[PDB]
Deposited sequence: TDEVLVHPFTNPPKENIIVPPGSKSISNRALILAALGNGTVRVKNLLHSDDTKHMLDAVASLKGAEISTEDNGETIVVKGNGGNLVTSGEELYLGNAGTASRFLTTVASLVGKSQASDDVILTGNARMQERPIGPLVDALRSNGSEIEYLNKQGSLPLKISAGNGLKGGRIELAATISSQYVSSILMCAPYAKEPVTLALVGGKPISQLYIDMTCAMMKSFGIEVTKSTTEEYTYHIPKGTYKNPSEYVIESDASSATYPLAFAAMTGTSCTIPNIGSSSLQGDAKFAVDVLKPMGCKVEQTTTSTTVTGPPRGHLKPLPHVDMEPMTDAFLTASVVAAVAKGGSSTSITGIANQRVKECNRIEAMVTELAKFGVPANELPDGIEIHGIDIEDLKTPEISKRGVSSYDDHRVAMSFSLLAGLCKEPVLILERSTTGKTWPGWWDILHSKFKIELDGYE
């Protein structure tokens, strides 16, 4: 963790066009779906990260899916043959890419034998080898997979016997566990022998929006999942093969999009995200229309683009109540916008209890740091209540608590960098995804730093 001193947004540019990096969640799914699909797909706007880099090399190794890059590595070309994969004999090294290991574990259960090997080995580093993966291994074994823990019980490394495939039919999966286990099974379900009924048991899953994103992406690749008539969390997946589209563009990250949009809202300037609109797979795409618009912003949104122009500085309106369940990651951004919407009514955000168990307690972190700016705030039973003030923010002193703590949480720091820009003197962010945001502050918004 490092330090960054954000200078006031003294005279921002009038208009600004920002294309955020691609979504991580969408990037990771697209590579699995393309590897299993039939046809050659050019994947654009992929987010390069631990998952994708390890995923890319893992798919490269398996026989039956070919990976290459074009246009200076910005285009990933995947040619699938319809999911007829065979072992290379190479151990697939996944580092500590948690999502890749969950997705690839079920892919490996589909792989056929070769003369080099009768199995697929999935490995990773020491942190990988402490990650629990039991609930997924249990469900695949229950469906005919043969999986051996090669080191510690319940984690990678895994040896998955090839040539077995998945029986299909009913697969039961506990609902308390990561949605990434559900998603991992959904994407491989069409390749089971028998059509799959994926029934979550033991309660309601928490990250339902990410299950829905997997289903919608599956539909883009030619396979429509259907929900049960009597069970909200039972999914019926046809047997089939994905049809790879000629091109698939990874949506830019709509959560990251909220920070430049909030900048425009908060400075009385204009920001356009030219490739994120109302047809987005991501709930956070609704931030502009469901948060910034009621708060006094002039907002236009087409199916694929979003433009936000804030009201004059100091003129944001409090949003008396907003349910941010469809977009919980954007509540930190909503909170700093609300901090300068003078009331009147407070801004009350509910539906974000799940946001209390992330890197830090983000609700608690937001209340405590807001106090440092002179912004009253308090927790609600289901969220947060912000008592916005005039842009008479507390003037910042040097080397005497000018530090805003980010609690090692990426989003907390980016949110408070916006509020920092509205103060009368520079503000230092302490204990500081999207490294380019700090670059974009200086290159696009032309904000001085350090």
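- Residues of the deposited sequence with no modelled C-alpha atom fall in the ranges 433-437, 456-458.
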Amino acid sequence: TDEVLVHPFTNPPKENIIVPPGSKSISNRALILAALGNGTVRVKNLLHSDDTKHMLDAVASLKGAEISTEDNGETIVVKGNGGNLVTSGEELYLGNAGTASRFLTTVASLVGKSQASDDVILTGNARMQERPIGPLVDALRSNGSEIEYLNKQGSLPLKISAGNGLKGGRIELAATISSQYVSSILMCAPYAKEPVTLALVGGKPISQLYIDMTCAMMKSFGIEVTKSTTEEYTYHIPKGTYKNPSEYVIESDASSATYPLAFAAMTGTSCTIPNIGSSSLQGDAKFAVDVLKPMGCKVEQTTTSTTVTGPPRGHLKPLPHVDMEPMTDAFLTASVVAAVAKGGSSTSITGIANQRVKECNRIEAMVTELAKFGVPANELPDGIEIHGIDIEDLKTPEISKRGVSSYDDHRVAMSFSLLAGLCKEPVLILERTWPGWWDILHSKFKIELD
From here on, numbers count along this sequence of modelled residues.
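- Here 106-114 and 199-207 are compared by their mean Cα B-factor, and 199-207 comes out higher.
- The question of which stretch, 349-357 or 362-370, has the higher mean Cα B factor is settled in favour of 349-357.
- The PDB entry gives the largest Cα B-factor of the residues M55, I386, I399, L36 to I399.
- Across the options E251, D284, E130, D119, the residue with the most elevated CA B-factor in the record is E130.
- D323 sits in the highest third of its chain by CA B factor, as recorded in the PDB entry.
- The PDB entry assigns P157 a C-alpha temperature factor belonging to the lowest third of its chain's modelled residues.
- Ranked by Cα temperature factor within the chain, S49 sits in the highest third according to the deposited record.
- Sort the modelled residues of the chain by CA B factor and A377 lands in the middle third.
- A175 sits in the highest third of its chain by CA B factor, as recorded in the PDB entry.
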